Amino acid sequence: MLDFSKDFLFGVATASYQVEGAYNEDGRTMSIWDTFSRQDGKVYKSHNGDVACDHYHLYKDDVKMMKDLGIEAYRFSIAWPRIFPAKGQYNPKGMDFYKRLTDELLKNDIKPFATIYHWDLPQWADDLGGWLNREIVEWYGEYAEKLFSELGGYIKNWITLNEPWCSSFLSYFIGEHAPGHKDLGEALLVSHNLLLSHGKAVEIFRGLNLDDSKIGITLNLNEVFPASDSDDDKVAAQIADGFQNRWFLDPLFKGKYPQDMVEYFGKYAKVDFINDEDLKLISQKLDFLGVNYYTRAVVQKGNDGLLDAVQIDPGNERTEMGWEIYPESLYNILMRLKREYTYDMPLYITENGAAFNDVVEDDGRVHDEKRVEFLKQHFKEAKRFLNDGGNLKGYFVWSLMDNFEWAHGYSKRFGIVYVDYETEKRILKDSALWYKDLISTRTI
C-alpha cells in the first residue's frame, strides 16, 4: 500500500563547517578546515566556511523550509570548536546554538540525527598532534560525554564519525583534506585512532543507559568491479575494495582488520598499532550503520606500485564530480552488508546525492532534471532492498542546500535547495519539489 512505511525516515543532511558560517562568533575557535582553506592551493579559489550558507543565523528559516517540504529527519553535525574552543574549556554559548536548533527541529516534527565529528577538529587538538596522538581518544570521549549529557533530552540518534576513510586516507595519505599530510603510515595510525575514539564514545554512551537513544557510525562505501576477468584485475579490485570498504567494515563488525590489507600495507608502512584490547573497544555492538553511497569504481591493475589501480571510465553518465551514476551499487552494497557484516541490524542511507551544473533560469526556478532522475533511480533501489527483506530505516539526501564542498569550495552544488551566496537566498530546486511529493505520497 505504501512503498515506504509511515515509520521510514525521509531525511536530508548537512555538516557544520559546510553550512553554518559564523566561524568566529559566540566563542568558536578555528578548526583544521579554517586553517587548511587559508593555505595556498588547498581549496578552490581560497574559498572557506567563514560565512557558507549562514545557517547559524538562518536556522529558523531553514527548519521552516524543511517542515514545508515534509522532511521527517535532519542529519547535521556538531562543531567541536564551538563546544570546546580550547582544551578542557566548555563553551555554553556553543551548546546553546545546538539546543535552539534541535528545539526548532522537534517543535516542527523533525527527528534530529547528530554527527559528533564531521571533520572540523579544533586547531588546538591538531597542534597537540590531532588524530596522530592517541590522547585524542580521551579529548573526543570528553566532547562526546558532554554532548550526551547536555543534549540527551533533545537528540536520540547519534553518529560518532562521518566517513573515517576521508579523515584518515584522504587527509593524511592523499592529502586532499585537512590537515593535508601525505604519509601512508600516518593515515593508517589515524584510521586506528578514529576507530578507537568511536569505541570510547560507544562505551560512554552505553554507561549512560539513555532512554530510547541509539548510536551508530557513518561510512562512505562503494562497489569495486574489475575491468576484466583477469587474475591481475581481480587482485586490483580486491585491494581497492580493502582500501575503501573492508579496512573499516572488518574492525567494526568482525573485530579484526582485513588480513590481506594488513599484509599489503605492511610492505609499505608500519601496522604495529593493531592489538586485541583496542579491537575489542572498536567492535562494540552498534544500534545502526549509516551508509554514504555515491558511486562505483571499475579498476584495472596499474604498475604494481602502492594503491595505483587505473580508474576505468565505462562510458556511462556522470555527475559534475566525474562520478558514474550507477544506482544498482546502492542495492548491491546494502545486500552485501545484510549478507556479510550487519545481518539484521538497522541501516540508514546517511548520504546519497549528486552535483550538477545548477542555474537559476529567468523564471526564477532551478530545473535540475538530472538530480530529479538521479534521486528517483536511487530511491527505487532503496525500495527494492526493502521489498527483498532489507532492514532500511531511513534515507538522508545529501544535501538540504548547496554548501562548501571541501577542497572544491562552493564550485560543486549538491543541494535540493539552491543557495545564492551573494544574498543567502534559498530557492527550492525541482529535486526538492519531487522529494516533497515522494514524502507526501510515499510512492515511487
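Start at 1 and count along the sequence shown; that's the residue number.
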261 to 269 versus 162 to 170 - which carries the larger mean C-alpha B factor in the record:
261 to 269
Quick note on 399 to 407 and 39 to 47: per-entry mean CA temperature factor is higher in 39 to 47
Top residue by Cα temperature factor, when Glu351, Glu135, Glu72, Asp120 are compared in the entry:
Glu135
Per the deposited entry, the peak Cα B-factor within the set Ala178, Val372, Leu101, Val359 goes to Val359
Select lowest, middle or highest to describe the third in which the CA B-factor of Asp287 falls within its chain in this entry.
lowest
What third of its chain's C-alpha B-factors does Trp80 belong to: lowest, middle or highest?
lowest
Chain-relative C-alpha B factor for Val190 (record values, thirds): the lowest
Could you say whether, by C-alpha temperature factor, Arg384 belongs to the lowest, middle or highest third of its chain?
highest
Grab the CA temperature factor for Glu424 from the record and place it in the lowest, middle or highest third of its chain.
middle
